[PDB]
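Enquirer: I am sharing upload_13.cif, which consists of mmCIF, N, CA and C atoms:
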data_query
loop_
_atom_site.group_PDB
_atom_site.id
_atom_site.type_symbol
_atom_site.label_atom_id
_atom_site.label_comp_id
_atom_site.auth_asym_id
_atom_site.auth_seq_id
_atom_site.Cartn_x
_atom_site.Cartn_y
_atom_site.Cartn_z
ATOM 1 N N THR A 1 0.798 -1.220 0.000
ATOM 2 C CA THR A 1 0.000 0.000 0.000
ATOM 3 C C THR A 1 0.834 1.274 0.000
ATOM 4 N N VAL A 2 0.330 2.291 -0.693
ATOM 5 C CA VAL A 2 0.854 3.645 -0.586
ATOM 6 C C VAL A 2 0.663 4.169 0.839
ATOM 7 N N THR A 3 -0.421 3.743 1.486
ATOM 8 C CA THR A 3 -0.788 4.273 2.798
ATOM 9 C C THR A 3 -1.008 3.173 3.837
ATOM 10 N N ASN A 4 -0.428 3.365 5.017
ATOM 11 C CA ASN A 4 -0.547 2.406 6.105
ATOM 12 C C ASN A 4 -1.927 2.467 6.762
ATOM 13 N N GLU A 5 -2.649 1.357 6.724
ATOM 14 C CA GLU A 5 -4.031 1.318 7.186
ATOM 15 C C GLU A 5 -4.142 1.583 8.687
ATOM 16 N N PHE A 6 -3.116 1.189 9.433
ATOM 17 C CA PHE A 6 -3.065 1.426 10.872
ATOM 18 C C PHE A 6 -2.964 2.928 11.116
ATOM 19 N N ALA A 7 -2.044 3.566 10.397
ATOM 20 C CA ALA A 7 -1.862 5.009 10.513
ATOM 21 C C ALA A 7 -3.110 5.771 10.090
ATOM 22 N N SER A 8 -3.782 5.286 9.047
ATOM 23 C CA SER A 8 -5.001 5.932 8.574
ATOM 24 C C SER A 8 -6.095 5.792 9.620
ATOM 25 N N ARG A 9 -6.053 4.674 10.339
ATOM 26 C CA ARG A 9 -7.019 4.472 11.404
ATOM 27 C C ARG A 9 -6.766 5.473 12.505
ATOM 28 N N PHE A 10 -5.492 5.715 12.788
ATOM 29 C CA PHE A 10 -5.181 6.705 13.800
ATOM 30 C C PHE A 10 -5.573 8.102 13.356
ATOM 31 N N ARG A 11 -5.548 8.330 12.052
ATOM 32 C CA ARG A 11 -6.033 9.595 11.539
ATOM 33 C C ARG A 11 -7.521 9.744 11.788
ATOM 34 N N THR A 12 -8.301 8.681 11.594
ATOM 35 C CA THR A 12 -9.742 8.822 11.855
ATOM 36 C C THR A 12 -10.046 8.990 13.334
ATOM 37 N N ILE A 13 -9.266 8.313 14.164
ATOM 38 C CA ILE A 13 -9.433 8.437 15.603
ATOM 39 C C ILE A 13 -9.150 9.871 16.016
ATOM 40 N N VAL A 14 -8.040 10.416 15.525
ATOM 41 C CA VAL A 14 -7.660 11.791 15.852
ATOM 42 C C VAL A 14 -8.613 12.825 15.257
ATOM 43 N N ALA A 15 -9.247 12.493 14.139
ATOM 44 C CA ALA A 15 -10.262 13.363 13.558
ATOM 45 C C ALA A 15 -11.453 13.427 14.499
ATOM 46 N N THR A 16 -11.830 12.260 15.016
ATOM 47 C CA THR A 16 -12.976 12.180 15.912
ATOM 48 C C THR A 16 -12.698 12.919 17.206
ATOM 49 N N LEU A 17 -11.546 12.646 17.797
ATOM 50 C CA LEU A 17 -11.193 13.347 19.024
ATOM 51 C C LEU A 17 -11.055 14.836 18.772
ATOM 52 N N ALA A 18 -10.668 15.205 17.559
ATOM 53 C CA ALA A 18 -10.471 16.612 17.246
ATOM 54 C C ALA A 18 -11.798 17.325 17.285
ATOM 55 N N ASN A 19 -12.805 16.768 16.619
ATOM 56 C CA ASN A 19 -14.105 17.434 16.678
ATOM 57 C C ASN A 19 -14.733 17.345 18.075
ATOM 58 N N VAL A 20 -14.348 16.321 18.840
ATOM 59 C CA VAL A 20 -14.782 16.217 20.241
ATOM 60 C C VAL A 20 -14.231 17.355 21.124
ATOM 61 N N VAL A 21 -12.913 17.543 21.071
ATOM 62 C CA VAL A 21 -12.231 18.571 21.843
ATOM 63 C C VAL A 21 -12.693 19.922 21.364
ATOM 64 N N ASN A 22 -13.027 20.002 20.086
ATOM 65 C CA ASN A 22 -13.457 21.270 19.536
ATOM 66 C C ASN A 22 -14.806 21.620 20.105
ATOM 67 N N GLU A 23 -15.704 20.644 20.107
ATOM 68 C CA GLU A 23 -17.046 20.890 20.586
ATOM 69 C C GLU A 23 -16.955 21.315 22.049
ATOM 70 N N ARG A 24 -16.024 20.705 22.775
ATOM 71 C CA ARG A 24 -15.865 21.044 24.191
ATOM 72 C C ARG A 24 -15.336 22.448 24.374
ATOM 73 N N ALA A 25 -14.342 22.802 23.568
ATOM 74 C CA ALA A 25 -13.692 24.097 23.680
ATOM 75 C C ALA A 25 -14.637 25.234 23.304
ATOM 76 N N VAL A 26 -15.450 25.042 22.267
ATOM 77 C CA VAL A 26 -16.448 26.055 21.940
ATOM 78 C C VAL A 26 -17.532 26.110 23.006
ATOM 79 N N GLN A 27 -17.788 24.980 23.663
ATOM 80 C CA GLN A 27 -18.740 24.982 24.770
ATOM 81 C C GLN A 27 -18.223 25.791 25.958
ATOM 82 N N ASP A 28 -16.905 25.812 26.122
ATOM 83 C CA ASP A 28 -16.273 26.449 27.275
ATOM 84 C C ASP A 28 -15.556 27.738 26.875
ATOM 85 N N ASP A 29 -15.869 28.230 25.675
ATOM 86 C CA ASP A 29 -15.383 29.527 25.180
ATOM 87 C C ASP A 29 -13.859 29.677 25.222
ATOM 88 N N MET A 30 -13.144 28.658 24.752
ATOM 89 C CA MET A 30 -11.684 28.696 24.720
ATOM 90 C C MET A 30 -11.163 29.666 23.675
ATOM 91 N N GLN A 31 -10.045 30.307 23.995
ATOM 92 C CA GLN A 31 -9.388 31.206 23.070
ATOM 93 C C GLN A 31 -8.934 30.430 21.842
ATOM 94 N N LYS A 32 -9.011 31.067 20.680
ATOM 95 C CA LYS A 32 -8.734 30.388 19.424
ATOM 96 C C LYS A 32 -7.308 29.865 19.392
ATOM 97 N N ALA A 33 -6.406 30.567 20.070
ATOM 98 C CA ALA A 33 -4.993 30.199 20.045
ATOM 99 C C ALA A 33 -4.720 28.837 20.690
ATOM 100 N N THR A 34 -5.342 28.600 21.842
ATOM 101 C CA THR A 34 -5.163 27.340 22.551
ATOM 102 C C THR A 34 -5.784 26.200 21.758
ATOM 103 N N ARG A 35 -6.879 26.509 21.073
ATOM 104 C CA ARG A 35 -7.580 25.501 20.297
ATOM 105 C C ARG A 35 -6.690 25.071 19.157
ATOM 106 N N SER A 36 -6.077 26.071 18.529
ATOM 107 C CA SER A 36 -5.254 25.820 17.368
ATOM 108 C C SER A 36 -4.084 24.995 17.835
ATOM 109 N N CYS A 37 -3.638 25.250 19.057
ATOM 110 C CA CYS A 37 -2.494 24.503 19.557
ATOM 111 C C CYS A 37 -2.797 23.050 19.859
ATOM 112 N N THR A 38 -3.978 22.760 20.407
ATOM 113 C CA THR A 38 -4.328 21.348 20.594
ATOM 114 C C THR A 38 -4.445 20.672 19.242
ATOM 115 N N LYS A 39 -4.969 21.401 18.257
ATOM 116 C CA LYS A 39 -5.140 20.793 16.942
ATOM 117 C C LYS A 39 -3.790 20.481 16.327
ATOM 118 N N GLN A 40 -2.844 21.389 16.539
ATOM 119 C CA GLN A 40 -1.508 21.223 16.003
ATOM 120 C C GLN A 40 -0.875 20.015 16.652
ATOM 121 N N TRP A 41 -1.174 19.827 17.933
ATOM 122 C CA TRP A 41 -0.612 18.700 18.666
ATOM 123 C C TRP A 41 -1.143 17.394 18.111
ATOM 124 N N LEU A 42 -2.437 17.370 17.815
ATOM 125 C CA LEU A 42 -3.033 16.186 17.220
ATOM 126 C C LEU A 42 -2.435 15.884 15.844
ATOM 127 N N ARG A 43 -2.223 16.914 15.020
ATOM 128 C CA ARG A 43 -1.654 16.686 13.683
ATOM 129 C C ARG A 43 -0.261 16.111 13.809
ATOM 130 N N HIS A 44 0.455 16.607 14.807
ATOM 131 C CA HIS A 44 1.782 16.101 15.094
ATOM 132 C C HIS A 44 1.743 14.628 15.499
ATOM 133 N N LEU A 45 0.731 14.253 16.276
ATOM 134 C CA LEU A 45 0.583 12.859 16.661
ATOM 135 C C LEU A 45 0.321 12.005 15.440
ATOM 136 N N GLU A 46 -0.478 12.527 14.516
ATOM 137 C CA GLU A 46 -0.745 11.808 13.283
ATOM 138 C C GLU A 46 0.546 11.602 12.500
ATOM 139 N N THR A 47 1.405 12.618 12.435
ATOM 140 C CA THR A 47 2.621 12.458 11.635
ATOM 141 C C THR A 47 3.541 11.443 12.281
ATOM 142 N N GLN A 48 3.641 11.525 13.601
ATOM 143 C CA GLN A 48 4.570 10.691 14.333
ATOM 144 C C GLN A 48 4.147 9.238 14.171
ATOM 145 N N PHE A 49 2.841 9.054 14.228
ATOM 146 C CA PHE A 49 2.238 7.744 14.104
ATOM 147 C C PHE A 49 2.433 7.187 12.707
ATOM 148 N N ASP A 50 2.301 8.040 11.697
ATOM 149 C CA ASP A 50 2.505 7.586 10.328
ATOM 150 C C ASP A 50 3.957 7.175 10.162
ATOM 151 N N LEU B 1 12.425 12.936 -9.744
ATOM 152 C CA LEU B 1 12.249 14.067 -8.857
ATOM 153 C C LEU B 1 13.278 13.970 -7.740
ATOM 154 N N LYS B 2 13.915 15.086 -7.415
ATOM 155 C CA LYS B 2 14.728 15.138 -6.216
ATOM 156 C C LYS B 2 13.754 14.973 -5.072
ATOM 157 N N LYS B 3 14.100 14.133 -4.103
ATOM 158 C CA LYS B 3 13.141 13.740 -3.076
ATOM 159 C C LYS B 3 12.693 14.910 -2.217
ATOM 160 N N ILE B 4 11.419 14.898 -1.843
ATOM 161 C CA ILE B 4 10.885 15.888 -0.922
ATOM 162 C C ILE B 4 10.262 15.150 0.239
ATOM 163 N N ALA B 5 10.756 15.422 1.441
ATOM 164 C CA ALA B 5 10.142 14.878 2.638
ATOM 165 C C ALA B 5 9.106 15.871 3.148
ATOM 166 N N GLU B 6 7.827 15.561 2.947
ATOM 167 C CA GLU B 6 6.770 16.421 3.466
ATOM 168 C C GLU B 6 5.628 15.623 4.077
ATOM 169 N N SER B 7 5.270 15.987 5.303
ATOM 170 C CA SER B 7 4.215 15.316 6.045
ATOM 171 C C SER B 7 2.845 15.962 5.854
ATOM 172 N N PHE B 8 2.841 17.239 5.484
ATOM 173 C CA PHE B 8 1.618 18.026 5.340
ATOM 174 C C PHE B 8 0.774 18.248 6.605
ATOM 175 N N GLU B 9 1.408 18.402 7.773
ATOM 176 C CA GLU B 9 0.670 18.813 8.977
ATOM 177 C C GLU B 9 0.000 20.166 8.732
ATOM 178 N N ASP B 10 0.829 21.212 8.691
ATOM 179 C CA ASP B 10 0.377 22.605 8.621
ATOM 180 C C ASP B 10 -0.073 22.981 7.223
ATOM 181 N N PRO B 11 -0.966 23.975 7.129
ATOM 182 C CA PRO B 11 -1.395 24.586 5.869
ATOM 183 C C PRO B 11 -0.225 25.195 5.088
ATOM 184 N N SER B 12 0.832 25.569 5.795
ATOM 185 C CA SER B 12 2.039 26.102 5.181
ATOM 186 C C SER B 12 2.638 25.092 4.204
ATOM 187 N N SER B 13 2.313 23.819 4.404
ATOM 188 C CA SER B 13 2.777 22.742 3.533
ATOM 189 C C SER B 13 2.283 22.942 2.103
ATOM 190 N N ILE B 14 1.288 23.810 1.942
ATOM 191 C CA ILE B 14 0.769 24.142 0.624
ATOM 192 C C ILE B 14 1.884 24.666 -0.259
ATOM 193 N N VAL B 15 2.945 25.184 0.357
ATOM 194 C CA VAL B 15 4.087 25.668 -0.400
ATOM 195 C C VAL B 15 4.534 24.601 -1.374
ATOM 196 N N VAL B 16 4.680 23.373 -0.885
ATOM 197 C CA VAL B 16 5.197 22.320 -1.752
ATOM 198 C C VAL B 16 4.271 22.102 -2.934
ATOM 199 N N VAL B 17 2.961 22.160 -2.690
ATOM 200 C CA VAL B 17 2.011 21.983 -3.780
ATOM 201 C C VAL B 17 2.254 23.055 -4.828
ATOM 202 N N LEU B 18 2.386 24.289 -4.356
ATOM 203 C CA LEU B 18 2.564 25.433 -5.238
ATOM 204 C C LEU B 18 3.856 25.294 -6.009
ATOM 205 N N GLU B 19 4.862 24.722 -5.348
ATOM 206 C CA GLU B 19 6.179 24.563 -5.943
ATOM 207 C C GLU B 19 5.941 23.776 -7.211
ATOM 208 N N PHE B 20 5.214 22.675 -7.058
ATOM 209 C CA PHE B 20 4.941 21.769 -8.159
ATOM 210 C C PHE B 20 4.189 22.463 -9.265
ATOM 211 N N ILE B 21 3.192 23.244 -8.869
ATOM 212 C CA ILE B 21 2.360 23.920 -9.847
ATOM 213 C C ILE B 21 3.195 24.881 -10.658
ATOM 214 N N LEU B 22 4.136 25.562 -10.003
ATOM 215 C CA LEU B 22 4.907 26.569 -10.707
ATOM 216 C C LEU B 22 5.744 25.839 -11.717
ATOM 217 N N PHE B 23 6.256 24.704 -11.268
ATOM 218 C CA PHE B 23 7.149 23.898 -12.071
ATOM 219 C C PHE B 23 6.364 23.336 -13.255
ATOM 220 N N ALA B 24 5.074 23.119 -13.037
ATOM 221 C CA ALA B 24 4.199 22.618 -14.074
ATOM 222 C C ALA B 24 3.987 23.658 -15.163
ATOM 223 N N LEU B 25 4.095 24.933 -14.793
ATOM 224 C CA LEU B 25 3.798 26.028 -15.717
ATOM 225 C C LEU B 25 5.059 26.450 -16.436
ATOM 226 N N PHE B 26 6.112 26.685 -15.664
ATOM 227 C CA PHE B 26 7.380 27.081 -16.238
ATOM 228 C C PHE B 26 7.997 25.963 -17.058
ATOM 229 N N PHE B 27 7.761 24.728 -16.635
ATOM 230 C CA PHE B 27 8.421 23.587 -17.243
ATOM 231 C C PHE B 27 7.495 22.416 -17.460
ATOM 232 N N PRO B 28 6.503 22.555 -18.351
ATOM 233 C CA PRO B 28 5.544 21.455 -18.544
ATOM 234 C C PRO B 28 6.186 20.141 -18.982
ATOM 235 N N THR B 29 7.257 20.240 -19.755
ATOM 236 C CA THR B 29 7.906 19.058 -20.292
ATOM 237 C C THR B 29 8.601 18.250 -19.218
ATOM 238 N N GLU B 30 9.488 18.922 -18.502
ATOM 239 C CA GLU B 30 10.225 18.286 -17.432
ATOM 240 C C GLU B 30 9.290 17.818 -16.331
ATOM 241 N N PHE B 31 8.206 18.557 -16.129
ATOM 242 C CA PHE B 31 7.225 18.193 -15.139
ATOM 243 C C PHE B 31 6.595 16.894 -15.554
ATOM 244 N N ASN B 32 6.300 16.798 -16.841
ATOM 245 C CA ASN B 32 5.705 15.596 -17.390
ATOM 246 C C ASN B 32 6.628 14.399 -17.290
ATOM 247 N N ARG B 33 7.925 14.663 -17.313
ATOM 248 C CA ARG B 33 8.916 13.592 -17.207
ATOM 249 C C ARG B 33 9.079 13.014 -15.802
ATOM 250 N N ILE B 34 8.597 13.741 -14.797
ATOM 251 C CA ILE B 34 8.757 13.341 -13.395
ATOM 252 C C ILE B 34 7.442 13.339 -12.621
ATOM 253 N N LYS B 35 6.337 13.497 -13.328
ATOM 254 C CA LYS B 35 5.071 13.786 -12.675
ATOM 255 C C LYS B 35 4.528 12.666 -11.784
ATOM 256 N N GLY B 36 4.908 11.421 -12.040
ATOM 257 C CA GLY B 36 4.429 10.360 -11.179
ATOM 258 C C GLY B 36 5.093 10.450 -9.826
ATOM 259 N N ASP B 37 6.384 10.763 -9.863
ATOM 260 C CA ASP B 37 7.192 10.896 -8.660
ATOM 261 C C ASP B 37 6.686 12.078 -7.827
ATOM 262 N N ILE B 38 6.075 13.042 -8.507
ATOM 263 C CA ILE B 38 5.353 14.153 -7.867
ATOM 264 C C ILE B 38 4.021 13.699 -7.279
ATOM 265 N N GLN B 39 3.325 12.827 -8.006
ATOM 266 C CA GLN B 39 2.032 12.316 -7.567
ATOM 267 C C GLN B 39 2.187 11.537 -6.286
ATOM 268 N N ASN B 40 3.369 10.978 -6.082
ATOM 269 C CA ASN B 40 3.672 10.345 -4.806
ATOM 270 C C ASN B 40 3.647 11.315 -3.629
ATOM 271 N N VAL B 41 3.972 12.576 -3.893
ATOM 272 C CA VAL B 41 3.922 13.614 -2.869
ATOM 273 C C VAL B 41 2.501 14.154 -2.711
ATOM 274 N N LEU B 42 1.870 14.410 -3.851
ATOM 275 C CA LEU B 42 0.521 14.943 -3.854
ATOM 276 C C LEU B 42 -0.442 13.974 -3.207
ATOM 277 N N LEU B 43 -0.177 12.681 -3.324
ATOM 278 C CA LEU B 43 -1.025 11.694 -2.665
ATOM 279 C C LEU B 43 -0.937 11.767 -1.148
ATOM 280 N N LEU B 44 0.230 12.145 -0.635
ATOM 281 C CA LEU B 44 0.365 12.387 0.797
ATOM 282 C C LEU B 44 -0.455 13.605 1.191
ATOM 283 N N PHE B 45 -0.341 14.638 0.365
ATOM 284 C CA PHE B 45 -1.075 15.873 0.599
ATOM 285 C C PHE B 45 -2.582 15.665 0.586
ATOM 286 N N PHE B 46 -3.034 14.823 -0.328
ATOM 287 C CA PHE B 46 -4.450 14.596 -0.541
ATOM 288 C C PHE B 46 -5.035 13.663 0.496
ATOM 289 N N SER B 47 -4.295 12.617 0.839
ATOM 290 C CA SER B 47 -4.765 11.692 1.855
ATOM 291 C C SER B 47 -4.852 12.406 3.185
ATOM 292 N N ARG B 48 -3.924 13.328 3.412
ATOM 293 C CA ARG B 48 -3.911 14.070 4.664
ATOM 294 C C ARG B 48 -5.013 15.142 4.700
ATOM 295 N N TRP B 49 -5.167 15.896 3.608
ATOM 296 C CA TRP B 49 -6.133 17.005 3.551
ATOM 297 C C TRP B 49 -7.524 16.647 3.048
ATOM 298 N N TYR B 50 -7.626 15.683 2.135
ATOM 299 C CA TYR B 50 -8.931 15.314 1.586
ATOM 300 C C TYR B 50 -9.116 13.814 1.631
#
Please rewrite the model in this file as structure tokens.
Expert:
Amino acid sequence: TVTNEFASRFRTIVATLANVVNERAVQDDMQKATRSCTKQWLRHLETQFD
Amino acid sequence: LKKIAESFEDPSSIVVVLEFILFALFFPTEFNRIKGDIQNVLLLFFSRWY
């Protein structure tokens, strides 16, 4: 495969958690900067995992 | 293609896409000679973004 199915699975997991944390952060009125930083952290986890 | 290591975490990674596009315009021939090796990069970009 061009793409590792395990890594792609981790991408879907991180996508799900991303919209989860997002929904929470908008619920709790988080500053956009901190939100962007958690998202960046998740993308980093995806790369590391790949 | 000279190898490009790109993970495509950040939107800034769009630079690499643009690099290719410019190369496609300035140099359609040479681009055509290496375009599959480019598609290997674009597939990372696409799987990650779309």
Enquirer: Could you write out, as a PDB file with N, CA and C atoms, in the frame of the given file, all the residues of chain A that DSSP marks as alpha helix (DSSP H)?
Expert:
ATOM      1  N   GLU A   5      -2.649   1.357   6.724  1.00  0.00           N
ATOM      2  CA  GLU A   5      -4.031   1.318   7.186  1.00  0.00           C
ATOM      3  C   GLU A   5      -4.142   1.583   8.687  1.00  0.00           C
ATOM      4  N   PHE A   6      -3.116   1.189   9.433  1.00  0.00           N
ATOM      5  CA  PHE A   6      -3.065   1.426  10.872  1.00  0.00           C
ATOM      6  C   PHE A   6      -2.964   2.928  11.116  1.00  0.00           C
ATOM      7  N   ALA A   7      -2.044   3.566  10.397  1.00  0.00           N
ATOM      8  CA  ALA A   7      -1.862   5.009  10.513  1.00  0.00           C
ATOM      9  C   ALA A   7      -3.110   5.771  10.090  1.00  0.00           C
ATOM     10  N   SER A   8      -3.782   5.286   9.047  1.00  0.00           N
ATOM     11  CA  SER A   8      -5.001   5.932   8.574  1.00  0.00           C
ATOM     12  C   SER A   8      -6.095   5.792   9.620  1.00  0.00           C
ATOM     13  N   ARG A   9      -6.053   4.674  10.339  1.00  0.00           N
ATOM     14  CA  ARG A   9      -7.019   4.472  11.404  1.00  0.00           C
ATOM     15  C   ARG A   9      -6.766   5.473  12.505  1.00  0.00           C
ATOM     16  N   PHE A  10      -5.492   5.715  12.788  1.00  0.00           N
ATOM     17  CA  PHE A  10      -5.181   6.705  13.800  1.00  0.00           C
ATOM     18  C   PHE A  10      -5.573   8.102  13.356  1.00  0.00           C
ATOM     19  N   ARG A  11      -5.548   8.330  12.052  1.00  0.00           N
ATOM     20  CA  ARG A  11      -6.033   9.595  11.539  1.00  0.00           C
ATOM     21  C   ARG A  11      -7.521   9.744  11.788  1.00  0.00           C
ATOM     22  N   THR A  12      -8.301   8.681  11.594  1.00  0.00           N
ATOM     23  CA  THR A  12      -9.742   8.822  11.855  1.00  0.00           C
ATOM     24  C   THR A  12     -10.046   8.990  13.334  1.00  0.00           C
ATOM     25  N   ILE A  13      -9.266   8.313  14.164  1.00  0.00           N
ATOM     26  CA  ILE A  13      -9.433   8.437  15.603  1.00  0.00           C
ATOM     27  C   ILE A  13      -9.150   9.871  16.016  1.00  0.00           C
ATOM     28  N   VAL A  14      -8.040  10.416  15.525  1.00  0.00           N
ATOM     29  CA  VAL A  14      -7.660  11.791  15.852  1.00  0.00           C
ATOM     30  C   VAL A  14      -8.613  12.825  15.257  1.00  0.00           C
ATOM     31  N   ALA A  15      -9.247  12.493  14.139  1.00  0.00           N
ATOM     32  CA  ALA A  15     -10.262  13.363  13.558  1.00  0.00           C
ATOM     33  C   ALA A  15     -11.453  13.427  14.499  1.00  0.00           C
ATOM     34  N   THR A  16     -11.830  12.260  15.016  1.00  0.00           N
ATOM     35  CA  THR A  16     -12.976  12.180  15.912  1.00  0.00           C
ATOM     36  C   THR A  16     -12.698  12.919  17.206  1.00  0.00           C
ATOM     37  N   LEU A  17     -11.546  12.646  17.797  1.00  0.00           N
ATOM     38  CA  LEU A  17     -11.193  13.347  19.024  1.00  0.00           C
ATOM     39  C   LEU A  17     -11.055  14.836  18.772  1.00  0.00           C
ATOM     40  N   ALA A  18     -10.668  15.205  17.559  1.00  0.00           N
ATOM     41  CA  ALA A  18     -10.471  16.612  17.246  1.00  0.00           C
ATOM     42  C   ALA A  18     -11.798  17.325  17.285  1.00  0.00           C
ATOM     43  N   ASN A  19     -12.805  16.768  16.619  1.00  0.00           N
ATOM     44  CA  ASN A  19     -14.105  17.434  16.678  1.00  0.00           C
ATOM     45  C   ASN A  19     -14.733  17.345  18.075  1.00  0.00           C
ATOM     46  N   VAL A  20     -14.348  16.321  18.840  1.00  0.00           N
ATOM     47  CA  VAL A  20     -14.782  16.217  20.241  1.00  0.00           C
ATOM     48  C   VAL A  20     -14.231  17.355  21.124  1.00  0.00           C
ATOM     49  N   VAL A  21     -12.913  17.543  21.071  1.00  0.00           N
ATOM     50  CA  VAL A  21     -12.231  18.571  21.843  1.00  0.00           C
ATOM     51  C   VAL A  21     -12.693  19.922  21.364  1.00  0.00           C
ATOM     52  N   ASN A  22     -13.027  20.002  20.086  1.00  0.00           N
ATOM     53  CA  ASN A  22     -13.457  21.270  19.536  1.00  0.00           C
ATOM     54  C   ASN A  22     -14.806  21.620  20.105  1.00  0.00           C
ATOM     55  N   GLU A  23     -15.704  20.644  20.107  1.00  0.00           N
ATOM     56  CA  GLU A  23     -17.046  20.890  20.586  1.00  0.00           C
ATOM     57  C   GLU A  23     -16.955  21.315  22.049  1.00  0.00           C
ATOM     58  N   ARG A  24     -16.024  20.705  22.775  1.00  0.00           N
ATOM     59  CA  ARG A  24     -15.865  21.044  24.191  1.00  0.00           C
ATOM     60  C   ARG A  24     -15.336  22.448  24.374  1.00  0.00           C
ATOM     61  N   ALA A  25     -14.342  22.802  23.568  1.00  0.00           N
ATOM     62  CA  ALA A  25     -13.692  24.097  23.680  1.00  0.00           C
ATOM     63  C   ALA A  25     -14.637  25.234  23.304  1.00  0.00           C
ATOM     64  N   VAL A  26     -15.450  25.042  22.267  1.00  0.00           N
ATOM     65  CA  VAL A  26     -16.448  26.055  21.940  1.00  0.00           C
ATOM     66  C   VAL A  26     -17.532  26.110  23.006  1.00  0.00           C
ATOM     67  N   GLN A  27     -17.788  24.980  23.663  1.00  0.00           N
ATOM     68  CA  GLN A  27     -18.740  24.982  24.770  1.00  0.00           C
ATOM     69  C   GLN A  27     -18.223  25.791  25.958  1.00  0.00           C
ATOM     70  N   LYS A  32      -9.011  31.067  20.680  1.00  0.00           N
ATOM     71  CA  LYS A  32      -8.734  30.388  19.424  1.00  0.00           C
ATOM     72  C   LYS A  32      -7.308  29.865  19.392  1.00  0.00           C
ATOM     73  N   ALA A  33      -6.406  30.567  20.070  1.00  0.00           N
ATOM     74  CA  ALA A  33      -4.993  30.199  20.045  1.00  0.00           C
ATOM     75  C   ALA A  33      -4.720  28.837  20.690  1.00  0.00           C
ATOM     76  N   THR A  34      -5.342  28.600  21.842  1.00  0.00           N
ATOM     77  CA  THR A  34      -5.163  27.340  22.551  1.00  0.00           C
ATOM     78  C   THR A  34      -5.784  26.200  21.758  1.00  0.00           C
ATOM     79  N   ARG A  35      -6.879  26.509  21.073  1.00  0.00           N
ATOM     80  CA  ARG A  35      -7.580  25.501  20.297  1.00  0.00           C
ATOM     81  C   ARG A  35      -6.690  25.071  19.157  1.00  0.00           C
ATOM     82  N   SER A  36      -6.077  26.071  18.529  1.00  0.00           N
ATOM     83  CA  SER A  36      -5.254  25.820  17.368  1.00  0.00           C
ATOM     84  C   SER A  36      -4.084  24.995  17.835  1.00  0.00           C
ATOM     85  N   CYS A  37      -3.638  25.250  19.057  1.00  0.00           N
ATOM     86  CA  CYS A  37      -2.494  24.503  19.557  1.00  0.00           C
ATOM     87  C   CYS A  37      -2.797  23.050  19.859  1.00  0.00           C
ATOM     88  N   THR A  38      -3.978  22.760  20.407  1.00  0.00           N
ATOM     89  CA  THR A  38      -4.328  21.348  20.594  1.00  0.00           C
ATOM     90  C   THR A  38      -4.445  20.672  19.242  1.00  0.00           C
ATOM     91  N   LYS A  39      -4.969  21.401  18.257  1.00  0.00           N
ATOM     92  CA  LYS A  39      -5.140  20.793  16.942  1.00  0.00           C
ATOM     93  C   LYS A  39      -3.790  20.481  16.327  1.00  0.00           C
ATOM     94  N   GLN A  40      -2.844  21.389  16.539  1.00  0.00           N
ATOM     95  CA  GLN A  40      -1.508  21.223  16.003  1.00  0.00           C
ATOM     96  C   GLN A  40      -0.875  20.015  16.652  1.00  0.00           C
ATOM     97  N   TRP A  41      -1.174  19.827  17.933  1.00  0.00           N
ATOM     98  CA  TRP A  41      -0.612  18.700  18.666  1.00  0.00           C
ATOM     99  C   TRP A  41      -1.143  17.394  18.111  1.00  0.00           C
ATOM    100  N   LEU A  42      -2.437  17.370  17.815  1.00  0.00           N
ATOM    101  CA  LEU A  42      -3.033  16.186  17.220  1.00  0.00           C
ATOM    102  C   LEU A  42      -2.435  15.884  15.844  1.00  0.00           C
ATOM    103  N   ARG A  43      -2.223  16.914  15.020  1.00  0.00           N
ATOM    104  CA  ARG A  43      -1.654  16.686  13.683  1.00  0.00           C
ATOM    105  C   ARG A  43      -0.261  16.111  13.809  1.00  0.00           C
ATOM    106  N   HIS A  44       0.455  16.607  14.807  1.00  0.00           N
ATOM    107  CA  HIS A  44       1.782  16.101  15.094  1.00  0.00           C
ATOM    108  C   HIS A  44       1.743  14.628  15.499  1.00  0.00           C
ATOM    109  N   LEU A  45       0.731  14.253  16.276  1.00  0.00           N
ATOM    110  CA  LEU A  45       0.583  12.859  16.661  1.00  0.00           C
ATOM    111  C   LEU A  45       0.321  12.005  15.440  1.00  0.00           C
ATOM    112  N   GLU A  46      -0.478  12.527  14.516  1.00  0.00           N
ATOM    113  CA  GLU A  46      -0.745  11.808  13.283  1.00  0.00           C
ATOM    114  C   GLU A  46       0.546  11.602  12.500  1.00  0.00           C
ATOM    115  N   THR A  47       1.405  12.618  12.435  1.00  0.00           N
ATOM    116  CA  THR A  47       2.621  12.458  11.635  1.00  0.00           C
ATOM    117  C   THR A  47       3.541  11.443  12.281  1.00  0.00           C
ATOM    118  N   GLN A  48       3.641  11.525  13.601  1.00  0.00           N
ATOM    119  CA  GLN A  48       4.570  10.691  14.333  1.00  0.00           C
ATOM    120  C   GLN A  48       4.147   9.238  14.171  1.00  0.00           C
ATOM    121  N   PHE A  49       2.841   9.054  14.228  1.00  0.00           N
ATOM    122  CA  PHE A  49       2.238   7.744  14.104  1.00  0.00           C
ATOM    123  C   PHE A  49       2.433   7.187  12.707  1.00  0.00           C
TER     124      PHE A  49
END
Enquirer: Within 8 Å of chain A, which residues of chain B are there when counting only C-alpha atoms? Please give them as a VMD selection string.
Expert: chain B and resid 7 9 to 10
Enquirer: Could you jot down the atom C of residue 5 (chain B) to CA of residue 19 (chain A) separation for me, Å, one decimal place?
Expert: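 Here the two named atoms are 26.9 Å from each other.
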Enquirer: Determine the nearest neighbour of residue 17 (chain B) from the options B:47, B:36, B:42, B:2, counting only C-alpha atoms.
Expert: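 Nearest to residue 17 (chain B): B:42.
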Enquirer: Please list as a ChimeraX atom specification every residue within 12 Å of residue 32 (chain B), counting only C-alpha atoms and excluding residues in the same chain fewer than 5 positions away.
Expert: /B:1,20-21,23-27,37-39
Enquirer: CA of residue 26 (chain A) to CA of residue 14 (chain A): how many Å, to one decimal?
Expert: 17.8 Å
Enquirer: Quick one, how far is CA of residue 6 (chain A) from CA of residue 49 (chain A)?
Expert: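 Interatomic distance, CA of residue 6 (chain A) to CA of residue 49 (chain A): 8.9 Å.
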